[PDB]
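First comes one chain, alone, set out as C-alpha cells in the form deposited in one PDB entry.
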C-alpha cells in the first residue's frame, strides 16, 4: 500500500503505475503529447506531462512511477508555465497554418496550443516547403514543417512491425524522422502499413494522395469511374462525421459515392468472395494432393512486403489468388466490359481502403493486363471523408442506397474480411463445403477471432485434422517465425495481417486521439460492425454469392484452373532468384 496526494487529494493504493495513468484512472487531468503505446520519446521528452512532486521538483508524469509519500501538484502556475513553454518551443519549429491542413479537425497539437494559449517565440514560416516534403513513396508522405520530433511514429513502427523502418536521422546536424539513409520508404524494409501515420498527432505523416487521380477521372468525359470500398470502410468512416464509434454506415456511403459522381457503385466485399472462391479452391487442391503446406494468404500487401523483405523463401508458399482489391480490379477490366459494353480502356477503377500499403499494391508494374491497370486509384478512408466534406455532402443525414449488384453483392464471409481471422474463417466455410461436397450448417469459427497476436486452431476437413494459424500484426509474424513456431507442428493454412486487429486498424483509417483509445476498443468496435453484417446476411458463404456465381458460370469458368488461374492469380517476381538485389 502507498499513500499519494494529488492536487490536495489523498489516495491509498497498491497499484504500481505511472503518475499519468493513475491520475487519468482517477479523473485527474494531466496533458500528454509524446506518450502513446506505453512509450514516450526517451531521447527528447516533450515534457507536456510535467507535474510537480514535492521534494523532487518537476517530473514527467508519463514515465514516473507513483511511490508512497508522493505529494503531486499538476496545476500550479509553475507547472503550467513549463508546459506552455514546451508548447511554445514546439511552435517555434511548426508551420502553424491550420486552415488548409489535413489534420485541422482532429489535431492533438492544436488542441494543446489552444488549451495553454501557447504561441511561438518566433513564427516558423518557411517560404518554400520543398526541402521539408518527401512525396517519393507510392504510399506515405512526410511534411517535416509539421513534425514535432515526438517519436510516436518511431515507437509505433517498432511496436507494430519490429522493422524499425521509421528512424531518427541526423541530416547535417539537424534531427529528422525518415527511412533508412533518408531513402524513399518503398526502397527500404518498410511495409508501407502506415502505422506511423496512425500514431502521428499532427499532419507530419500522411498517405500519398490519389485524390487528383480520382477527380481527374471523374471529370474526364469518356472515363467510366467504378468505385468499390473495402470491408472496413463501412465500419469506420462515420467517426469522421461525428457519428461515434461502431456505426454501420454502408448505405450512406453508397449514396455519398453517387453524389460524388462515380459512375458505378460496386464493393470490394464482392472481390473478397472472389478471393475465397480461388483461395478455398487452392486449399482444397493442396488438401486433396496432401500438399504443399503451409499455404499463406497473399491478400495483405504489408505482409507481402514483409515476406519480400525478410522471408522471400516463403513467397513460393503464398496463395496465388490476387487480393480482393486486385482480383476485383482485374475483373473490372475484363468481366465488367463483357456485361456492360464499356470499352475496357475507358473503365477507371477506384478503391476506398483502410490502408496505405494498398496504394503500393495497385501500382505494382505487373498488376495490369493488355495495358490496363487492375486498379487505377486507391483512396484511403480519410481521403474519402475529405472528398465528401469538400463536396458539401451531408453524410450523417443521407438516406441509404444499395450497391449496383453485378460486382456489388457480398456474402457474410466476405463481410468479415476486415477483422483479424476473417479471411481464415471465410476460407474455411468454403473449403470445408468444397472438400466434403456438402453444405454444412456449422460455419462459425470463433476460435480464430479476436485480438490475440497468434491464434491457432485444429480443423477437421473430410475426416482429416489440419492446423491453421492466424498471425495478427507484423510484429507477431516475426515472433512466429523467429521463435521457431512454424516448426512446432505442421501448419497447413496461415493467415497474416500486417496491422494488429486486421484492416479495421489499417494505416488509412480515421485517427483516434489517445483518450478515446482508452475509452473505446477501436479494433473490437470496428470489427463488431462486420461480424454483425455476417450474422444477419442470408448468404454467409462466398460461393453462395449469386452475382459471383453468375460471373464464374458465364465468364471465368472453374476457379483455380484454366482462365480463372490465368487471369485472377499473381506470383511475385521476387519469388525467384536474382543477383544483385
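Just so we're on the same page, rigid core means the largest C-alpha set that superposes within 1.5 Å between forms. Residue numbers count along the first chain shown, from 1.
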Mind pulling up the entry and telling me whether 522-530 or 535-543 has the higher mean Cα temperature factor? 535-543
Given the B-factors recorded for C-alpha atoms, which segment has the greater mean, 142-150 or 385-393? 385-393
Have a look at 499, 157, 243, 87 and flag the one whose Cα has the highest B-factor in the entry. 243
From 330, 188, 306, 121, residue of greatest CA B-factor: 121
Residue 174 - Cα temperature factor, lowest/middle/highest third of chain: highest
Quick check on the deposited entry: does the C-alpha B-factor of residue 313 sit in the lowest, middle or highest third of its chain? highest
CA B-factor placement of residue 517, once the chain's modelled residues are sorted into thirds: highest
Lowest, middle or highest third - CA B-factor, residue 238: middle
Taking the values exactly as deposited, rank residue 568 by C-alpha B-factor within its chain and report the matching third: lowest, middle or highest. middle
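We do not show the form deposited in another entry, though everything after this point is about it.
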Rigid-core superposed between this form and the one not shown, candidates 48, 529, 551, 70; the one over the 2 Å C-alpha cutoff or at it is 70
